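Note that we place each Cβ from the backbone using ideal geometry, even for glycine, and neighbour counts take in every protein chain shown. Every number in this text was worked out from the coordinates using simple rules, so none of it is lab data.
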Amino acid sequence: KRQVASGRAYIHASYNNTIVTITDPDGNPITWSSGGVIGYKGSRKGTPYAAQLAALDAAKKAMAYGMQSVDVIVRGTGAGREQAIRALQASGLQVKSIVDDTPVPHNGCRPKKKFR
Amino acid sequence: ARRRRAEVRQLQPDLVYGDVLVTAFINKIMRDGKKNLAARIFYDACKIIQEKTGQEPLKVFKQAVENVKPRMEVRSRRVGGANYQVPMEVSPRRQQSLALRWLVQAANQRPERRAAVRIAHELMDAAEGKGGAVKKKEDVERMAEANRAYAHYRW
Amino acid sequence: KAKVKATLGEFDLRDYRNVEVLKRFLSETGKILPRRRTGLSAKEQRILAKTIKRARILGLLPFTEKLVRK
RNA sequence: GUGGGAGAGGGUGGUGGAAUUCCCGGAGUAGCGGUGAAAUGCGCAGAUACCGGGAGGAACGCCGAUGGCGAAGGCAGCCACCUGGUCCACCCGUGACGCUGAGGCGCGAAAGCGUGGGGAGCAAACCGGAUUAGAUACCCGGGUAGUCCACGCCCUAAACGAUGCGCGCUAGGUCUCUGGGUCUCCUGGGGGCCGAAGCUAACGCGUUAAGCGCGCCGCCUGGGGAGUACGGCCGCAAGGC
Ligand SMILES: [Mg+2]
Ligand SMILES: [Mg+2]
Ligand SMILES: [Mg+2]
Ligand SMILES: [Mg+2]
Ligand SMILES: [Mg+2]
Ligand SMILES: [Mg+2]
Ligand SMILES: [Mg+2]
Ligand SMILES: [Mg+2]
Ligand SMILES: [Mg+2]
Ligand SMILES: [Mg+2]
Ligand SMILES: [Mg+2]
Ligand SMILES: [Mg+2]
Ligand SMILES: [Mg+2]
Ligand SMILES: [Mg+2]
Ligand SMILES: [Mg+2]
Ligand SMILES: [Mg+2]
Ligand SMILES: [Mg+2]
Ligand SMILES: [Mg+2]
Ligand SMILES: [Mg+2]
Ligand SMILES: [Mg+2]
Ligand SMILES: [Mg+2]
Ligand SMILES: [Mg+2]
Ligand SMILES: [Mg+2]
Ligand SMILES: [Mg+2]
Ligand SMILES: [Mg+2]
Ligand SMILES: [Mg+2]
Ligand SMILES: [Mg+2]
Ligand SMILES: [Mg+2]
Ligand SMILES: [Mg+2]
Ligand SMILES: [Mg+2]
Ligand SMILES: [Mg+2]
Ligand SMILES: [Mg+2]
Ligand SMILES: [Mg+2]
Ligand SMILES: [Mg+2]
Ligand SMILES: [Mg+2]
Ligand SMILES: [Mg+2]
Ligand SMILES: [Mg+2]
Ligand SMILES: [Mg+2]
Ligand SMILES: [Mg+2]
Ligand SMILES: [Mg+2]
Ligand SMILES: [Mg+2]
Ligand SMILES: [Mg+2]
Ligand SMILES: [Mg+2]
Ligand SMILES: [Mg+2]
Ligand SMILES: [Mg+2]
Ligand SMILES: [Mg+2]
Ligand SMILES: [Mg+2]
Ligand SMILES: [Mg+2]
Ligand SMILES: [Mg+2]
Ligand SMILES: [Mg+2]
Ligand SMILES: [Mg+2]
Ligand SMILES: [Mg+2]
Ligand SMILES: [Mg+2]
Ligand SMILES: [Mg+2]
Ligand SMILES: [Mg+2]
Ligand SMILES: [Mg+2]
Ligand SMILES: [Mg+2]
Ligand SMILES: [Mg+2]
Ligand SMILES: [Mg+2]
Ligand SMILES: [Mg+2]
Ligand SMILES: [Mg+2]
Ligand SMILES: [Mg+2]
Ligand SMILES: [Mg+2]
Ligand SMILES: [Mg+2]
Ligand SMILES: [Mg+2]
Ligand SMILES: [Mg+2]
Ligand SMILES: [Mg+2]
Ligand SMILES: [Mg+2]
Ligand SMILES: [Mg+2]
Ligand SMILES: [Mg+2]
Ligand SMILES: [Mg+2]
Ligand SMILES: [Mg+2]
Ligand SMILES: [Mg+2]
Ligand SMILES: [Mg+2]
Ligand SMILES: [Mg+2]
Ligand SMILES: [Mg+2]
Ligand SMILES: [Mg+2]
Ligand SMILES: [Mg+2]
Ligand SMILES: [Mg+2]
């Protein structure tokens, strides 16, 4: 009900899940999907297959609002990070550009024991 | 086969059809090393398929074997504790042994009394897309594309 | 590949305000390139690091950037 | 003395961007999170993911080094002021003014103590969830002291090169930081690696000695009992010598 037709797709890939948000060119989201939004429940969310179906579900959801062009933004290291992009290219949405914007601190906050 | 590649056995061409796939199918019918009995089964089963159907038993045999070939299957692989059913393609050689073994196994699950009756009826049903053997094939390709979530463990 | 000192003129390593040459020392991201890629000496690199950080506070050099690939 | 040098050496004030958390707004649904699997947890009072604004605390990515500085502990954003050590060139000045150093005095990571602040992230204890034969644990979700600041204590350490300080002497080769030079190189002062002679039980050390000598301080004399008991000094206590 908006007819945006061009916008951004953020891929948030972590080792436990991949989730995709699709926004208008000034950043406000339109639709979204994830490994949990499609059927998967447990550790299967952080699989590349889930990443595929997640990207594709958010892709078809953005078709409804009439999207064609997409600027891909990627954050995180995770399985199916590449597998989710490859899904977005094939989804029919023309992929304008791809940028990796993973936030790395300049060593400011003490990490949980897991990450030291 | 730890050292070598374990070359494939080259079977004798058929006495009747001159086809090696026939002999290989005859051998799966054989039990206790009675190849004479197992041939008379298959060939008498070719009379059945060619009378009850006005077609060439050779082409139906192949067309049946083709419909039972599985394009994918699942195997197990030990990963982080308990293992997983991993989908992966089927070698063209393994599609041979599996389709042939399944056809013989399916036909002997059949109601029909005599052996050659069961072979012919199975081959016919298999070539038409039904019958017990095509079930084992359609059920295997269902394991893959269900565990499709583990296509990254290809190995 | 070439090194940055190899393809450049005679420049002031201490002038924090000259962006055209200082920009040639950052990477695709705002990162300060290693000596392997700047061709600088041990002492020259120490001076570059400090001048680049000065230019970053004046708003002339970027602290970090976004990679357009992958 | 003069003229030059390099440096996360110290103290004080100021300041910059990235990131985490929290709050405000926008947009936006059904989950997020987490693991070997999970579950507790959080989410329809709208989370996660996304854009914008703000607050606050802590630590400085790249540069970054096998690098540098310091007596040791230890020292990394940037700026300014106050300040210590140190090296080189000149051969100018004093004229043995030196070395070490029981006692004393000061410094002394982390943890811990007191008083008053601060409190984002992390996190003993603790509260849960899992695992398990059990789980007083490893893994997961929370979380207080604490970690940070000021002022005052505490004085331990694998405080390690497990190698006290200074001086002289005894093949070289090679990598390096920083000076000076008539700048393939020479010559100092550091930091490394091979290795002459020699030493060493062996490993190994070898112009940065574990070689050859000299001066001075500390210290050892089988293991357990035991860094315990007693006494003394110190400490608010923990405790230390
Ligand atoms: Mg998961
Ligand atoms: Mg960090
Ligand atoms: Mg910390
Ligand atoms: Mg940190
Ligand atoms: Mg780690
Ligand atoms: Mg993380
Ligand atoms: Mg990391
Ligand atoms: Mg890592
Ligand atoms: Mg670490
Ligand atoms: Mg790490
Ligand atoms: Mg086992
Ligand atoms: Mg197993
Ligand atoms: Mg199993
Ligand atoms: Mg399994
Ligand atoms: Mg003079
Ligand atoms: Mg300093
Ligand atoms: Mg300072
Ligand atoms: Mg300071
Ligand atoms: Mg909100
Ligand atoms: Mg639920
Ligand atoms: Mg939570
Ligand atoms: Mg909570
Ligand atoms: Mg609820
Ligand atoms: Mg609930
Ligand atoms: Mg924000
Ligand atoms: Mg606050
Ligand atoms: Mg980092
Ligand atoms: Mg880092
Ligand atoms: Mg580094
Ligand atoms: Mg570093
Ligand atoms: Mg060092
Ligand atoms: Mg030093
Ligand atoms: Mg140390
Ligand atoms: Mg000074
Ligand atoms: Mg004189
Ligand atoms: Mg005189
Ligand atoms: Mg005299
Ligand atoms: Mg003394
Ligand atoms: Mg005194
Ligand atoms: Mg102390
Ligand atoms: Mg402390
Ligand atoms: Mg305190
Ligand atoms: Mg925590
Ligand atoms: Mg915890
Ligand atoms: Mg057990
Ligand atoms: Mg600390
Ligand atoms: Mg130490
Ligand atoms: Mg000893
Ligand atoms: Mg000792
Ligand atoms: Mg000496
Ligand atoms: Mg020179
Ligand atoms: Mg030297
Ligand atoms: Mg060598
Ligand atoms: Mg060697
Ligand atoms: Mg050699
Ligand atoms: Mg020798
Ligand atoms: Mg020896
Ligand atoms: Mg030896
Ligand atoms: Mg050696
Ligand atoms: Mg000498
Ligand atoms: Mg000596
Ligand atoms: Mg003693
Ligand atoms: Mg004794
Ligand atoms: Mg004993
Ligand atoms: Mg003992
Ligand atoms: Mg004992
Ligand atoms: Mg004992
Ligand atoms: Mg003892
Ligand atoms: Mg003992
Ligand atoms: Mg004891
Ligand atoms: Mg004794
Ligand atoms: Mg003790
Ligand atoms: Mg006594
Ligand atoms: Mg006592
Ligand atoms: Mg007392
Ligand atoms: Mg007590
Ligand atoms: Mg106690
Ligand atoms: Mg004690
Ligand atoms: Mg005691």
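Can you tell me the FRET efficiency between C:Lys70 and C:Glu20 if r is taken as the Cβ-Cβ distance and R0 is 25 Å, rounded to the nearest 0.05? Result of the calculation: an efficiency of 0.30. Inter-label distance, A:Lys113 to B:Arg75: 4.1 nm, where each label sits 7 Å from its Cα along the C-beta direction. The protection proxy used here, the mean number of other Cβ atoms lying within 10 Å of each residue, ranks peptides B:124-133, A:22-31 as follows, highest first: B:124-133, A:22-31. Inter-label distance, A:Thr77 to A:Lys41: 3.1 nm, where each label sits 7 Å from its Cα along the C-beta direction.
Using unit Cβ charges (K, R positive; D, E negative) and no other charged atoms, how large, in debye to the nearest 20, is the dipole of chain A about its Cα centre?
Numbers: 17 positive and 7 negative charges, 130 e Å.
Rounded to the nearest 20 debye, it is 620 debye.
Karplus-based coupling profile of region B:40-50, in residue order and whole Hz: 4, 4, 4, 5, 5, 6, 6, 5, 4, 5, 8, with θ = phi - 60° in 6.51 cos²θ - 1.76 cosθ + 1.60 and x standing for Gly or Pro.
Per-residue counts of other Cβ atoms within 10 Å, averaged by peptide: what ranking do you get for A:70-77, C:5-12, C:38-45, highest first? It would help to have the intermediate numbers written out before the result.
Details: A:70-77: 18.4, C:5-12: 10.2, C:38-45: 14.4.
Per-residue mean Cβ counts within 10 Å order the peptides as A:70-77, C:38-45, C:5-12.
For region C:12-35, the residues whose amide N sits under 15 Å from a probe point set 7 Å from the Cα of C:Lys1 along the beta carbon direction are C:24-35. Relative contact order of chain C, taken over Cα pairs closer than 8 Å and 6 or more residues apart, is 41 percent. Compactness check for the protein assembly as shown: Cα Rg over 2.2 N^0.38 Å is 1.60. Output the 0 to 90 degree angle, nearest 10, between the alpha-carbon long axis of helix B:57-67 and the longest principal axis computed from the alpha carbons of chain B. On a 0 to 90 degree scale, this one is about 20. Using 1/(1 + (r/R0)^6) with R0 = 30 angstrom and r between the beta carbons of B:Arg110 and B:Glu145, what's the FRET efficiency to the nearest 0.05? For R0 = 30 Å, the calculated efficiency reads 0.55.
Between the amide H of B:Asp19 and those of B:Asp14, distances stay under 5 Å, these residues lying 5 or more places away or on another chain, with hydrogens modeled in the peptide plane. Here the Karplus relation 6.51 cos²θ - 1.76 cosθ + 1.60, evaluated at θ = phi - 60°, turns the backbone of region B:111-127 into coupling constants of x, 4, 5, 7, 5, 4, 4, 5, 4, 4, 4, 5, 3, 4, 5, 5, 5 Hz, with x for every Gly and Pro. Distance between the 7 Å Cα→Cβ label points at B:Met88 and A:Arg2: 4.4 nm. Once backbone amide H atoms are built at 1.01 Å from N, C:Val4 has C:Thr38, C:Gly39 as its partners under 5 Å, excluding neighbours fewer than 5 places away on the same chain. The long axis of helix B:132-143 is offset from the longest Cα principal axis of chain B by roughly 10 degrees. Positive end of the dipole of the protein assembly as shown, charges at C-beta (+1 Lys, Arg; -1 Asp, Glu), about the Cα centre: which of B:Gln96, A:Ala90, C:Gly9 has its Cα farthest in that direction? Of the candidates, C:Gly9 comes out farthest on the positive side.
Give me the percent of DSSP beta bridges within the protein assembly as shown that run antiparallel, rounded to the nearest 5. Let's see the in-between values first.
On the way: 20 of 33 bridges.
Antiparallel bridges make up about 60 percent of those DSSP assigns within the protein assembly as shown.
Would you mind putting A:97-106, B:47-56 in packing order, based on average other-beta-carbon counts within 10 Å, highest first?
B:47-56, A:97-106
For A:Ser14, the amide hydrogen comes within under 5 Å of the amide hydrogens of A:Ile19, counting only partners 5 or more places away or on other chains and with H modelled in the peptide plane.
To test your reading of the geometry: what angle, between 0 and 90 degrees and rounded to tens, separates the Cα axis of helix A:48-64 from the longest principal axis of chain A? The two axes meet at around 30 degrees. Give the percent of DSSP beta bridges with both residues in chain A that are antiparallel, rounded to the nearest 5. Of all bridge pairs located within chain A, approximately 50 percent are antiparallel.
Applied to region B:84-101, the Karplus parametrisation 6.51 cos²θ - 1.76 cosθ + 1.60 on θ = phi - 60° returns per-residue 3J(HN,Hα) values of 9, 7, 10, x, 7, 5, 10, 3, x, 5, 6, 4, 4, 5, 6, 4, 5, 4 Hz, with x for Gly and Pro.
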